[PDB]
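Take a look at the structure below.
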Amino acid sequence: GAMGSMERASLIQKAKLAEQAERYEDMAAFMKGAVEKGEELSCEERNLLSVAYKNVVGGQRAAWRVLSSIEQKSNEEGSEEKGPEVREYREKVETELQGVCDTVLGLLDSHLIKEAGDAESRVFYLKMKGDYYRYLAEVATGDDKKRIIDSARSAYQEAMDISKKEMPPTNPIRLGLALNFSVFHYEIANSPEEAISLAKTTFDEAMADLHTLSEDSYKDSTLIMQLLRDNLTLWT
Amino acid sequence: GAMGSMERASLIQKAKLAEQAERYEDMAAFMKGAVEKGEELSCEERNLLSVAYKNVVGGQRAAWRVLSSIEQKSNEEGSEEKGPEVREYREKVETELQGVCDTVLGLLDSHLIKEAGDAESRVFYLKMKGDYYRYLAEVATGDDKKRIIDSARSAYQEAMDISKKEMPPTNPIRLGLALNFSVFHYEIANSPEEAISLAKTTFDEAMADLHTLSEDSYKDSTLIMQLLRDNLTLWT
Amino acid sequence: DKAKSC
Amino acid sequence: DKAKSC
Ligand SMILES: C=CC(C)(C)OC[C@H]1O[C@H](O[C@@H]2C3=C([C@H](C)COC(C)=O)C[C@H](O)[C@]3(C)/C=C3/[C@@H](COC)CC[C@H]3[C@@H](C)[C@H]2O)[C@H](O)[C@@H](OC(C)=O)[C@@H]1O
Ligand SMILES: C=CC(C)(C)OC[C@H]1O[C@H](O[C@@H]2C3=C([C@H](C)COC(C)=O)C[C@H](O)[C@]3(C)/C=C3/[C@@H](COC)CC[C@H]3[C@@H](C)[C@H]2O)[C@H](O)[C@@H](OC(C)=O)[C@@H]1O
Ligand SMILES: [Cl-]
Ligand SMILES: [Cl-]
Ligand SMILES: [Mg+2]
Ligand SMILES: [Mg+2]
Ligand SMILES: [Mg+2]
Ligand SMILES: [Mg+2]
């Protein structure tokens, strides 16, 4: 690892500098090096890891969708043959996106998940596992697509079971997990009714638990609750 | 070159796809490969080259300024010693930024400038040369800073001389060149009066030539003229 | 349209 | 403040 010679604390420090500089590739490389030191991650350090790769893969996904749309138009009735370049470049971006997903999943499997005992950490990592199998699913088209989808579902489901038993309905990780599992149902698993039912139930149960929270915790939950409301308005 | 096996036309095609996808590192790599085919660039191909590296170096410059500001605060009176990490990461970004500038300058020197005979191409490339020496100057602090500044000035000046003799005052390349040379005077050469005089004279002479233009050319010039006006308002 | 996630 | 360029 190119980060093997840098102190763990220095990697965390530089990941925070990279975030301030919006250098998310650097941020992700620093946090990969931090994870590979072998120590568990703190709550703040987990957020740095997820934000870094979320932004990296986020830009790859947006570019993939631009290219895939161009590719789909090029294969319509009446479109002039432009050669293999559009497919080639879409495959280039797709392959880089899959490498990032494989890298995150490798970190979760070696060895973040197995050493995660507290609900907040274990649910967090299992959500990540579901997220990055979902991103693999968004671009999957071959003989392993169904197993990729089920790997996302399986990771999300174990996270859901833990979060419902160990976390209050307003916990931001529990809310973000449910939001994304609902998106998985709608966009990946062809289960729009399940996606809608999950978003409603999640929102309503969090609504009924807000009275227990301080002003700061109240603000934290409602931000993600609004995303649940946004998707319901989009979907209904 | 990793692009040595791809057709020139395919590199141009993919640079345009990368632009649509906002993948400017890819865009720049494709256009570097295109240049290295050894053929001169068309007007449209020159714009692809400049847009690609402008965006790449633009993001590096913005990150460098974030980090340099943090570094400067850390060296103020009353700041706690945080170790070498801030300087280290600023130097990392700075070194990557300098490598991109060196790469562009190498392309201009091998061999875009020497084969550029038409004013539109020669002024375009000489402007680029001045721009990327200016970006080197923004981060220069050592024994070669004065020569880096003079290399930017020398490139800008030769471009200015050609553009004034061969191009109308409203030509967008001539306008962008003058805008940037004025910025060079203000931000690099500690010559704010020269920067202001150049921006005014450029704006006024273009104003007096708009009557010769079609509606489309009229729109093209005024966009950059407004940037000259913006800087004058900022500077006065 | 793409749904919101986090 | 940073001036505009092109
Ligand atoms: C890591 C970067 C920084 C900016 C330092 O922190 C990111 C953020 O980290 C925390 O927020 C988390 C968090 C997000 C919050 C909803 C953002 O709140 C804001 C901006 O007001 C978005 C981030 O991506 C992050 C880290 C992601 C997770 C997500 C992870 O799945 C594996 C599940 C839900 C969400 C949880 C973990 C949030 O608690 C904090 O509660 C946020 O502080 C505030 C004011 O809310 C902080 O902005
Ligand atoms: C390469 C990308 C695409 C988007 C295909 O074209 C970039 C642009 O390329 C041309 O515009 C150039 C150009 C710019 C125009 C001012 C943008 O006009 C718009 C958006 O309305 C900005 C670009 O960076 C570019 C290529 C840069 C140069 C600059 C190069 O210095 C070495 C000098 C001034 C400016 C000149 C070359 C402009 O003519 C065209 O005139 C623009 O078309 C329109 C509607 O104005 C097009 O947007
Ligand atoms: Cl490609
Ligand atoms: Cl570093
Ligand atoms: Mg150590
Ligand atoms: Mg443990
Ligand atoms: Mg050929
Ligand atoms: Mg020639």
Side-chain angles (χ1 to χ4, degrees), chain A residues 2-3 5-7 10-18 21 23 25-27 29-30 33, chain B residues 12-13 15-22 24 27-28 30-31 34 38-58 63 67 71 83-96 104 107-108 111-132 134-135 155-156 159 163 167 170-181 183 202 206 216-218 220-228, chain D residues 4-6:
Chain A
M3 301 301 174
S5 67
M6 202 187 302
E7 290 275 19
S10 298
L11 291 161
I12 301 302
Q13 184 176 355
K14 289 175 179 183
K16 289 174 192 176
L17 295 170
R23 295 266 300 191
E25 282 200 7
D26 289 348
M27 193 187 177
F30 292 141
Chain B
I12 301 302
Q13 184 176 355
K16 289 174 192 176
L17 295 170
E19 190 276 332
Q20 296 182 246
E22 300 175 65
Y24 294 106
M27 193 187 177
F30 292 141
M31 290 307 304
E39 304 248 59
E40 296 174 27
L41 301 194
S42 69
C43 171
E44 179 179 355
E45 294 166 351
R46 295 194 293 272
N47 292 345
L48 294 170
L49 177 68
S50 75
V51 164
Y53 281 103
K54 167 178 174 71
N55 275 276
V56 171
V57 84
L67 300 177
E71 185 181 14
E85 286 84 355
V86 167
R87 175 188 53 77
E88 283 172 357
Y89 186 44
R90 187 266 301 161
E91 273 292 345
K92 183 197 178 143
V93 178
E94 176 175 310
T95 298
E96 292 181 4
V104 171
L107 294 174
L108 296 168
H111 297 275
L112 294 169
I113 286 175
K114 63 165 58 63
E115 297 301 340
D118 292 357
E120 282 69 28
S121 64
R122 190 165 191 84
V123 176
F124 189 100
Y125 293 136
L126 284 169
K127 175 183 175 291
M128 284 188 69
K129 182 170 183 170
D131 287 340
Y132 284 91
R134 170 161 63 90
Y135 305 150
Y156 280 137
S163 74
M167 293 170 151
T170 52
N171 181 279
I173 302 161
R174 176 167 169 185
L175 286 172
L177 164 64
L179 179 77
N180 287 12
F181 197 19
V183 169
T202 302
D216 280 6
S217 298
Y218 183 91
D220 288 333
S221 303
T222 43
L223 188 75
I224 300 172
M225 287 169 67
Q226 180 63 48
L227 302 181
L228 292 161
Chain D
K4 307 209 191 158
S5 60
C6 184

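One-based numbering, in listed order, for ligands and for the atoms of each. Reminder, nothing fancy here: chain letters follow the sequence lines and each chain counts from 1. We use all heavy atoms of the structure for the numbers below, so side chains are in, but hydrogens, waters and symmetry mates are not.
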Identify, by atom number and element, the atoms of ligand 2 in contact range of [X], meaning under 4.0 Å from any of its heavy atoms.
X: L223(B); value: 16 (C), 18 (O), 19 (C), 21 (O)
X: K127(B); value: 29 (C), 30 (C), 31 (O), 32 (C), 33 (C)
X: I173(B); value: 37 (C)
X: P172(B); value: 34 (C), 39 (O)

- Say whether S50(B), considering both its backbone and side-chain N or O atoms, lies within less than 3.5 Å of an N or O atom on ligand 2.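 Not met; the criterion fails.
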- Which atom of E115(B) approaches the Mg ion (ligand 8) most closely (N/O/S):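 Result for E115(B) and the Mg ion (ligand 8): O.
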- Message: List the residues meeting salt bridge (charged side-chain N to carboxylate O under 4.0 Å, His left out) with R122(B), not counting sequence neighbours, and say none if there are none.
- Response: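 Testing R122(B) for salt bridge (charged side-chain N to carboxylate O under 4.0 Å, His left out), a comparison that skips the adjacent residues, returns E158(B).
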- Message: Is there a side-chain contact (heavy atoms from CB on, under 4.5 Å) between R46(B) and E120(B)? Walk through the geometry before answering.
- Response: CA-CA 10 Å; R46(B) 295 194 293 272; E120(B) 282 69 28; 4.2 Å; yes
- Query: Where's the contact between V51(B) and ligand 2, heavy-atom distance under 4.0 Å: side chain, backbone, both or neither?
  - Reply: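 Near ligand 2, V51(B) shows its side chain, while the N, CA, C and O stay back.
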- With backbone taken as N, CA, C and O and side chain as the heavy atoms from C-beta onward, which portion of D131(B) lies under 4.0 Å from ligand 2: side chain, backbone, both, or neither?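 None of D131(B) does.
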- If you take all heavy atoms of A28(B) and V56(B), which pair is closest and at what distance?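 Closest approach of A28(B) to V56(B): CB-CG2, 4.3 Å.
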- Counting heavy atoms only, name the option from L227(B), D216(B), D220(B), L48(B) that's nearest to atom 46 (O) of ligand 2.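 Nearest heavy atom to atom 46 (O) of ligand 2 lies in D220(B).
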- Task: Select the closest option to atom 28 (C) of ligand 2 among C6(D), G176(B), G130(B), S5(D), judged by heavy-atom distance.
- Result: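 When every heavy atom of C6(D), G176(B), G130(B), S5(D) is considered, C6(D) comes closest to atom 28 (C) of ligand 2.
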- Do you know which of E88(B), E91(B), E85(B) makes salt bridge (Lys or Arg N to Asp or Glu O under 4.0 Å) with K14(A)?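 Per the salt bridge (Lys or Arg N to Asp or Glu O under 4.0 Å) rule, the option paired with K14(A) is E88(B), out of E88(B), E91(B), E85(B).
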- Item | Residue list, ring-ring contact (aromatic ring centres under 6.0 Å, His included) with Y53(B), at least two apart or on another chain |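 Here no residue qualifies.
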